[PDB]
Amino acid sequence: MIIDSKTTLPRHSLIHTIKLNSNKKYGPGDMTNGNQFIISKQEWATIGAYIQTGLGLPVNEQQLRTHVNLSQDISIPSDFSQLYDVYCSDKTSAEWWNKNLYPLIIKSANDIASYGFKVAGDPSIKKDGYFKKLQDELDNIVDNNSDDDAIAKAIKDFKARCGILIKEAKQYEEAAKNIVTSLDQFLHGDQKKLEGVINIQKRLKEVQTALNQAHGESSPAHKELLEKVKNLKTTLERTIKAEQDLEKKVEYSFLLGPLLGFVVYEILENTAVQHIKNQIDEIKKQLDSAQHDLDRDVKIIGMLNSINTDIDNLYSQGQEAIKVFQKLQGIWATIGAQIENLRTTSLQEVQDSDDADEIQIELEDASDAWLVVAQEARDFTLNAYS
C-alpha cells in the first residue's frame, strides 16, 4: 500500500526509535511494520478511500445513470445488467468493512495508547503510572526498615497490580486476534451470508472481461480513451501510495469522479493529482462530443476498470493486514508473558537478592518506550477518518 521513499524521511527516526526499543523487557516490542507504525495512518487512510468508492456504488440502472452523469437519451445495452449484482456485492462488502472492521482498528490503536499511558503515567501531572508504583513496591520489599507484614503486603500489592496488566494485555491480544478473524471473513466470506473479497474480485474480473470485449473495443476511440483512463488510474495509484506524512485529519473527496474513485482529501493539494483532475476533465469534454455509445461505454467501463484496480488492492492489503495484526497479537501475548515473569520469577530473585535497582531501571526504560508507541497510537486515532 505504500511505496517507500528513496530518501530517508524525518519520520523514519521515530520508527527507528521504536525498533531500537523493541528488545527492552516490559516494553512494547516491535510495534512497527517496515517504516510505518504498526497501525499505519497512511495505509488505513488509503484503504478507506477504496472503501468509500465501494460504499457509493450504484446497484441499478437509475443509480448508474445518475452516478456517471449519463444523458437520459442514451440507452444501456442489456449486458450491462451484469454490473448490478456485482456492484451490490462489492457495496455490501464495503459496508461490512465500515461497520465491522474499521472501528476495530481505531480500538486497537486505543488499546496501545491505553496500556502505554497506564504503565508510564504522566509526570507533568505528577500522576504515577503503574510502573512507577511497581518500582515503589519493590522499594518496600527491600527496605530494611520494613516489618514482615509490610513486606508481605507489598508483595501482594505488586502481584495484584501485575495481574491487572496481564488481564488487560490478554484482552488486547484477543482484540488483535479478532481483527485477524474479521479480516479473514472480509477476504474469504463468513460461510453464512457474507461474500468475501476473493469472490467479489473473481466476479468483477469476469464482468470486466465480458464488457471490455463486447463494448470496450467498439471503435478506435473506445480503446484509446479507456487506455487513457487506465493510465491515469495507474498514475493516481503511484501518487497516492508514495510514502508521505499526512498532516491533516483524514477526509475523502470524490472530485476525480467515478472514472477514478475517491481519494484522501489532503492528496488533492498534490500537484500530480491536480494534473490528473485536469486530464479527467479533458476526457469528460471528449465524451460530451462523441456519439452516445462512446460516451456511455467509456464512463461505465472506465469506472469498472478502476473498481477492479480497487478490489485488487483491497485483497492484497487485507492479506498483509492479517500478517500485521497477527504480529500485534503476538506482541500482546509476549507483553503479558513478561509481566507474569516479573511478578513470579523476577520478584522472587528480588526477595532472594534484596536488590531491586536493575529491575527498577528496566521499568523506567520500559515506561519511556511505552510513551513512544502510545503517542503514535494516539496520533493515529486522533487523525483517523470518523
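Throughout, we count residues from 1 along the sequence that is shown.
*Quick one: higher average CA temperature factor, 306 to 314 or 280 to 288?*
Looking at the recorded C-alpha B-factors, 280 to 288 comes out higher on average.
*Averaging C-alpha B-factors over each stretch, which comes out higher, 258 to 266 or 148 to 156?*
Mean B over CA atoms: larger for 148 to 156.
*Sort 168, 95, 73, 295 by C-alpha B-factor from the entry and give me just the highest.*
Among 168, 95, 73, 295, the highest C-alpha B-factor in the entry belongs to 73.
*Quick one: which of 113, 194, 200, 138 shows the highest Cα temperature factor in the PDB entry?*
Of 113, 194, 200, 138, 194 has the highest C-alpha B-factor.
*When the modelled residues of the chain are sorted by Cα temperature factor, does residue 381 land in the lowest, middle or highest third?*
Ranked within chain, residue 381 CA B lands in the lowest tercile.
*Is the Cα B-factor recorded for residue 68 in the lowest, middle or highest third of its chain?*
For residue 68, whose C-alpha B-factor we compare with every modelled residue in the chain, the answer is the middle third.
*Grab the CA temperature factor for residue 235 from the record and place it in the lowest, middle or highest third of its chain.*
For residue 235, the deposited C-alpha B-factor lands in the highest third.
*Would you please rank residue 11 by its C-alpha temperature factor against the other modelled residues of its chain and give the third it falls in: lowest, middle or highest?*
Highest third.
*Check where residue 178 lands among this chain's C-alpha B-factors and tell me if it's the lowest, middle or highest third.*
It falls in the bottom third of the chain.
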